[PDB]
Each structure stands twice: as C-alpha cells, then as structure tokens.
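Only one structure is covered here, and it is reproduced in the block below.
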Amino acid sequence: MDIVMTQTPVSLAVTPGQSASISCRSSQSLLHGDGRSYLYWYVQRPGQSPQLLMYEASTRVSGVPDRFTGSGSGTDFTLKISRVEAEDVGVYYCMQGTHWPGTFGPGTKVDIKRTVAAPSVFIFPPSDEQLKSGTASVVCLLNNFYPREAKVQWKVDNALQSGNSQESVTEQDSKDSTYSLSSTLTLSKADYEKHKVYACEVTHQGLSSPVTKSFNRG
Ligand SMILES: [Cl-]
Ligand SMILES: [K+]
C-alpha cells in the first residue's frame with residue numbers, strides 16, 4: 001500500500017560545530033518481525049555518490065564519525081549530528097526497506113549558514129569552434145551566492161525558452177560557504193541563428209528584482 005515517507009524540517013542552515021537534528025515519519029509502522037526497524041539514512045551531494053550513514057534506525061555505518069546518532073522505532077525516526085562540519089553538508093534522506101516497494105522522504109537540505117549573497121551573473125556566447133560543429137551551447141553562470149535556492153530562466157528575443165537546458169551547481173564552498181551554478185542552453189546551429197538576443201533571467205532572494213544578462217550574436 002506504499003508507505004508515505006515525510007521529513008521535517010524542509011531545510012536546515014547551521015553553524016560549524018552546532019548540532020543538527022533531522023526527523024522522518026512513516027505513514028505505517030516499519031517494525032519488522034525480528035524486532036528491527038529497517039529504515040536507513042543517506043546524504044546526497046553534488047557530483048558525489050550518495051553516502052550511507054545509518055541503517056536499522058540506530059546502527060551506524062562503519063567509517064561514519066560518532067557525531068551521527070540514529071534514533072526511533074515504529075513510525076518515528078530522528079538523525080542527530082552533534083558537531084556539523086563542512087563535509088556533513090548535503091541533502092539528507094530517509095528510506096524504508098521494510099515494505100515493498102521501498103520509499104523515501106522528500107529530503108532535508110543541510111548546509112553551513114552564512115549571510116545572504118546575491119549571485120554574480122555572467123552570460124557566454126558559444127564558441128566559433130563549436131558552432132563549426134553545428135552545435136550552440138549558451139551558458140549563464142551564477143557565482144558565489146547563498147542560499148542555494150535560485151531560478152534561471154532562458155529568454156530568446158524576449159520569449160521564454162525552457163527546452164534544451166541543463167543546470168549544474170557546485171558543492172557548498174568549504175571556505176566562503178557560497179554556491180556557484182551554471183546553466184547551459186544547447187541548441188542546433190540553425191535554431192541558434194533563428195534568434196537575435198539571448199539572455200538568462202535570474203531570481204534570487206538577495207536580489208530586489210530579477211537580473212537579466214543578455215547578448216546579441218553576430
Ligand atoms: Cl535498513
Ligand atoms: K556574488
């Protein structure tokens with residue numbers, strides 16, 4: 001009947017050394033016949049493979065520091081990190097393996113808190129060498145911003161473009177705790193020459209109004 005997995009809080013910004021505490025709830029009980037609650041924690045990180053931290057609700061994966069502690073049974077489980085470091089930064093997920101099929105929560109963003117930083121926006125036309133290949137990749141860059149939440153909107157001749165776009169954000173910088181992001185609009189050479197002005201529109205909490213960076217192709 002597919003157990004619904006809920007997670008709270010939605011987001012968590014923390015001071016290096018301060019403790020964190022993530023909770024996870026299941027729509028039905030995950031207690032198994034052998035007395036074990038089959039629910040495991042893992043953290044997602046950009047450009048990395050997911051790291052398993054806790055399993056069987058309370059048992060710690062070998063190699064994970066003692067800062068991590070698993071708690072709960074039945075329908076309520078909590079993960080606690082006593083001294084959050086920069087390497088602990090990521091989006092934390094709980095997943096139940098008791099009932100088929102497996103199900104996981106929405107996740108909780110955990111990163112180091114810093115002051116709000118508005119992104120520096122730069123747009124780049126495709127190279128003449130790549131257009132010689134028949135492909136055009138327009139790139140919009142968002143540099144050193146916090147928090148992660150940001151929206152990139154591509155516009156072609158002031159018309160909204162949504163297709164043929166890829167987004168890629170870095171990990172939280174271990175030093176200044178900012179993020180950097182790149183969005184690439186990849187078009188055919190023929191489609192690329194059907195428009196005059198290319199622009200990306202960026203929305204971020206630190207900006208009063210959306211910032212648009214444009215260019216015109218020759
Ligand atoms: Cl498990
Ligand atoms: K910046």
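The way I read the labels, and the way they are meant: chains A, B, ... in the order of the structure tokens, residue 1 as the first residue of every chain, and ligand 1 as the first ligand shown, with later ones counted on from there.
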Within 8 Å of residue 169 of chain A, counting only C-alpha atoms, which residues show up once you throw out same-chain ones fewer than 6 positions away? Write them as a short mmCIF file (atom, residue, chain, number, x, y, z; two decimals) with N, CA and C atoms, in the first residue's frame, please.
```cif
data_model
loop_
_atom_site.label_atom_id
_atom_site.label_comp_id
_atom_site.auth_asym_id
_atom_site.auth_seq_id
_atom_site.Cartn_x
_atom_site.Cartn_y
_atom_site.Cartn_z
N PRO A 46 26.36 17.08 -4.45
CA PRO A 46 26.57 17.32 -5.89
C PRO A 46 27.89 16.73 -6.37
N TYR A 179 27.56 29.15 -3.01
CA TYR A 179 27.34 28.23 -4.12
C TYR A 179 27.63 28.94 -5.44
N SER A 180 27.96 28.14 -6.45
CA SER A 180 28.11 28.62 -7.81
C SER A 180 27.40 27.65 -8.74
N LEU A 181 26.74 28.19 -9.76
CA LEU A 181 25.88 27.40 -10.63
C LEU A 181 26.10 27.81 -12.07
N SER A 182 25.91 26.85 -12.98
CA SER A 182 25.98 27.10 -14.41
C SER A 182 24.78 26.46 -15.09
#
```
Self-check item: Filtered DSSP result for segment 42-103 of chain A, state strand (DSSP E), as a PyMOL selection string
Solution: chain A and resi 42-44+51-55+59-60+68-73+76-81+90-96+103
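Distances from A:117, A:12, A:5, A:53 to residue 146 of chain A were compared using only C-alpha atoms, and the smallest one belongs to A:117.
Straight-line separation from atom CA of residue 139 of chain A to atom CA of residue 109 of chain A: 26.4 Å.
Atom pair atom CA of residue 113 of chain A / atom CA of residue 15 of chain A: separated by 5.8 Å.
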Using only C-alpha atoms, find each residue in segment 90-141 of chain A having at least one atom no more than 12 Å away from segment 158-165 of chain A; report its shortest atom-to-atom pair and that distance in Å (one decimal), rows by chain then rising number, as CSV.
```
residue,atom,partner,partner_atom,distance
A:135,CA,A:164,CA,11.8
A:136,CA,A:164,CA,10.7
A:137,CA,A:165,CA,9.2
A:138,CA,A:165,CA,9.2
A:139,CA,A:165,CA,9.4
A:140,CA,A:165,CA,10.5
```
